[PDB]
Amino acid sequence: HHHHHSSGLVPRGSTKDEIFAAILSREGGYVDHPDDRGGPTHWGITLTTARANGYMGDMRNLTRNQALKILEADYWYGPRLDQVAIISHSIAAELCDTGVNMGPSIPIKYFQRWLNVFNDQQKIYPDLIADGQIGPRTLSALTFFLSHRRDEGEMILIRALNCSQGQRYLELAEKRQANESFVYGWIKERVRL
């Protein structure tokens, strides 16, 4: 039943601020949706999402600034992409862009699985549990990966993440759970092979 934000695309290299600015522009003000999709949004926020984040007011009075804090709570601070960003701005921004469209745990689990494959049979760091949750272990794994592979590793991990997402879009489009025009555009703007 979960409303995310698979409504448009931001250019590659876009920051957290630009990702959330693009959601607040493309989904600005009141937009109706069916009850089975979280119902109507104000600045992209459903009543359930607003209440889950502690907005107890009338949804017609929700300001753009309050909506931004709610987006940041669900898609940046909640999943601890602020902590990822201290180690790698580009990995944090990629996880955030995929998180707003699929929900943050999806790309984080792919992230953990890819860090496990690149740890060289656990010589560089031990295998993570793919729980979808950024904590000290995942952050330490990313730190040791980037110490050994440097900036080449960063770019490779982003491409690896794009591969996981691309194949997920194939499976969703096949079950009619993703728009085919959207998936074609995503590959054109986000996939760097």
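Residue indices: 1-based, along the sequence shown.
In this entry, the higher average B-factor at the C-alpha atoms falls on 1-9, of the pair 184-192 and 1-9. Of the two segments examined, 175-183 and 15-23, it is 175-183 that shows the higher average Cα temperature factor in the deposited entry. Of the candidates 156, 128, 142, 124, the deposited coordinates give 124 the top C-alpha B factor. By the numbers in the PDB entry, the CA B factor is greatest at 148 among 148, 168, 137, 69. Among the modelled residues of its chain, residue 97 has a C-alpha B-factor that falls in the middle third, as given in the PDB entry. Per the PDB record, residue ranking by Cα B-factor puts residue 133 in the middle third of the chain.
In this PDB entry, the Cα temperature factor of residue 62 sits in the top third of its chain's modelled residues, the highest group.
Per the deposited record, the Cα B-factor of residue 49 falls in the middle third when ranked against the other modelled residues of its chain.
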